[PDB]
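S.K.: The structure under discussion is supplied below as C-alpha cells; questions concerning it will follow.
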Amino acid sequence: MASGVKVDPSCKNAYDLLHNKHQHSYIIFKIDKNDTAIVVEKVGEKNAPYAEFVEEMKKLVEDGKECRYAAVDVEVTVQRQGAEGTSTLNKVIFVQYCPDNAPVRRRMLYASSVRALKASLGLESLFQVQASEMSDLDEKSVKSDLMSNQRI
C-alpha cells in the first residue's frame, strides 16, 4: 500500500491550480513509465459538465482493465450556514477508478500508490472513494456522499 512511487510535480501544480486558482476542475492520474511515476492522464477546464467527465475518461479506458485516479475540485451546495438556502463549499474529492479484475502487476503498483498520493498531493484531509464500475461512479453515490461531507 506504500512504496517508492514517484510523484510528479506537474500534476501537483495542477492540484493547486484547480483547488485554489480554479484554473481546472478535475484531473485524472495514471502511472507512467516503468520507473513508476504518477502523472496527468487528463485535465479538465473549470467548466466541465458531468457528461464530458464521463466521455473523456470513457474513451481512454476501453483499451483494457485500466485503473485511473480522479481528483475533482467541485463546489456542491447544501442548506446550511452562510446563507439560508445554499451553503456551497468546493470539496476536492479523490475518486480512484479501478475494478478488482485489474492486472495484479499494475494492481500492486496501484495499491502502493494509494498512501503516496494520499498525503503528498495535499489530499491529506480530503476524502478518498473507490469505484470499480462505470455504473457506480454515477452521481447517485459520488454526489450524495460528497454533498454530506462538504462541511463534515
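Residues are referred to by chain and number: the chain letter is A, B, ... according to the order shown in the C-alpha cells, the number counts from 1 in that chain, and ligands are numbered separately from 1 in the order shown.
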As a list in words, which residues of stretch 7-104 of chain A does DSSP assign to helix (DSSP H, G or I)?
M.R.: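 Taking stretch 7-104 of chain A and keeping helix (DSSP H, G or I) gives residues 9, 10, 11, 12, 13, 14, 15, 16, 17, 18, 19, 50, 51, 52, 53, 54, 55, 56, 57, 58, 59, 60, 61 and 104 of chain A.
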S.K.: Show me, as a ChimeraX atom specification, the residues that have an atom within 12 Å of residue A:101 when counting only C-alpha atoms, minus same-chain residues fewer than 6 positions from it.
M.R.: /A:64-67,107,132-133
S.K.: Output N, CA, C and O atoms of each residue in that selection to a file, as a compact mmCIF listing (two decimals), in the first residue's frame.
M.R.:
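Contents of out21.txt, as written:
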```txt
# COMPACT_ATOMS: atom_id res chain seq x y z
N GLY A 64 -8.30 -1.54 -22.02
CA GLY A 64 -8.15 -2.70 -21.16
C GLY A 64 -8.74 -2.46 -19.79
O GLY A 64 -9.58 -1.59 -19.62
N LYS A 65 -8.31 -3.24 -18.81
CA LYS A 65 -8.74 -3.04 -17.44
C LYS A 65 -7.82 -2.03 -16.77
O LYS A 65 -6.92 -2.37 -16.00
N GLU A 66 -8.05 -0.77 -17.11
CA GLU A 66 -7.19 0.32 -16.69
C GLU A 66 -7.65 0.90 -15.36
O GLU A 66 -8.84 0.99 -15.09
N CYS A 67 -6.69 1.30 -14.54
CA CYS A 67 -7.00 1.98 -13.29
C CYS A 67 -6.58 3.44 -13.39
O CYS A 67 -5.44 3.73 -13.76
N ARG A 107 -1.95 -3.65 -10.35
CA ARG A 107 -2.74 -3.64 -9.12
C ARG A 107 -1.86 -3.38 -7.90
O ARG A 107 -2.24 -2.62 -7.00
N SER A 132 -15.30 0.80 -9.05
CA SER A 132 -14.81 -0.28 -9.88
C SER A 132 -15.56 -0.36 -11.21
O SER A 132 -15.00 -0.80 -12.22
N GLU A 133 -16.82 0.06 -11.22
CA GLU A 133 -17.61 0.01 -12.43
C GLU A 133 -18.10 1.40 -12.82
O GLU A 133 -18.21 2.29 -11.97
```
S.K.: Using atom CA of residue A:76 and atom CA of residue A:99 as the two end points, give the distance in Å to one decimal.
M.R.: 26.8 Å
S.K.: Excluding same-chain residues fewer than 5 positions from residue A:137, what lies within 10 Å of it counting only C-alpha atoms, as a PDB file with N, CA and C atoms, in the first residue's frame?
M.R.:
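Output file selection-v1.pdb is given in full below:
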```pdb
ATOM      1  N   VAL A  54     -17.353  11.923 -17.936  1.00  0.00           N
ATOM      2  CA  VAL A  54     -17.520  10.518 -18.269  1.00  0.00           C
ATOM      3  C   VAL A  54     -16.996  10.237 -19.675  1.00  0.00           C
ATOM      4  N   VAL A  95     -11.539  10.270  -6.237  1.00  0.00           N
ATOM      5  CA  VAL A  95     -12.225   9.036  -6.578  1.00  0.00           C
ATOM      6  C   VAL A  95     -11.351   8.191  -7.494  1.00  0.00           C
ATOM      7  N   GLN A  96     -10.810   7.116  -6.952  1.00  0.00           N
ATOM      8  CA  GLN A  96      -9.980   6.212  -7.725  1.00  0.00           C
ATOM      9  C   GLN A  96     -10.844   5.201  -8.475  1.00  0.00           C
ATOM     10  N   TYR A  97     -10.677   5.155  -9.786  1.00  0.00           N
ATOM     11  CA  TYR A  97     -11.441   4.245 -10.625  1.00  0.00           C
ATOM     12  C   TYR A  97     -10.605   3.025 -10.983  1.00  0.00           C
ATOM     13  N   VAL A 129     -12.533   7.934  -2.359  1.00  0.00           N
ATOM     14  CA  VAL A 129     -13.584   6.978  -2.678  1.00  0.00           C
ATOM     15  C   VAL A 129     -13.106   6.032  -3.774  1.00  0.00           C
ATOM     16  N   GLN A 130     -13.581   4.794  -3.745  1.00  0.00           N
ATOM     17  CA  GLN A 130     -13.205   3.811  -4.750  1.00  0.00           C
ATOM     18  C   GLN A 130     -14.399   3.457  -5.636  1.00  0.00           C
ATOM     19  N   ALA A 131     -14.151   3.338  -6.932  1.00  0.00           N
ATOM     20  CA  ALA A 131     -15.175   2.923  -7.880  1.00  0.00           C
ATOM     21  C   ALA A 131     -14.596   1.902  -8.851  1.00  0.00           C
ATOM     22  N   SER A 132     -15.304   0.801  -9.045  1.00  0.00           N
ATOM     23  CA  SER A 132     -14.809  -0.281  -9.881  1.00  0.00           C
ATOM     24  C   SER A 132     -15.557  -0.358 -11.211  1.00  0.00           C
ATOM     25  N   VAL A 142     -21.517   9.343  -5.668  1.00  0.00           N
ATOM     26  CA  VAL A 142     -20.475  10.365  -5.563  1.00  0.00           C
ATOM     27  C   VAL A 142     -21.042  11.712  -5.112  1.00  0.00           C
ATOM     28  N   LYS A 143     -22.096  12.159  -5.781  1.00  0.00           N
ATOM     29  CA  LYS A 143     -22.720  13.440  -5.477  1.00  0.00           C
ATOM     30  C   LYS A 143     -23.306  13.418  -4.065  1.00  0.00           C
TER      31      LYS A 143
END
```
S.K.: Counting only C-alpha atoms, figure out which residue out of A:115, A:42, A:59, A:33 gets nearest to residue A:71.
M.R.: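 Ranked by minimum distance to residue A:71, first place goes to A:42.
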S.K.: Using only C-alpha atoms, which residue out of A:83, A:147, A:93, A:14 lies closest to residue A:118?
M.R.: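 Using only C-alpha atoms, residue A:118 sits closest to A:93.
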S.K.: Just list as a PyMOL selection string whatever in chain A DSSP marks as strand (DSSP E).
M.R.: chain A and resi 6-7+24-32+37-45+68-78+87-97+128-131
S.K.: Between A:24, A:151, A:91, A:140, which one has atoms that come closest to residue A:47, using only C-alpha atoms?
M.R.: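 Between A:24, A:151, A:91, A:140, the residue approaching residue A:47 most closely is A:24.
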S.K.: Determine the nearest neighbour of residue A:126 from the options A:69, A:15, A:94, A:110, counting only C-alpha atoms.
M.R.: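 Among the listed residues, the smallest separation from residue A:126 belongs to A:94.
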S.K.: For residue A:123, which residue out of A:28, A:92, A:17, A:49 is the nearest one, using only C-alpha atoms?
M.R.: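 With only C-alpha atoms as the atom set, the closest residue is A:92.
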S.K.: At what distance in Å, to one decimal, does atom CA of residue A:98 lie from atom CA of residue A:114?
M.R.: 12.0 Å
S.K.: Could you jot down the atom CA of residue A:58 to atom CA of residue A:29 separation for me, Å, one decimal place?
M.R.: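 The value is 14.1 Å.
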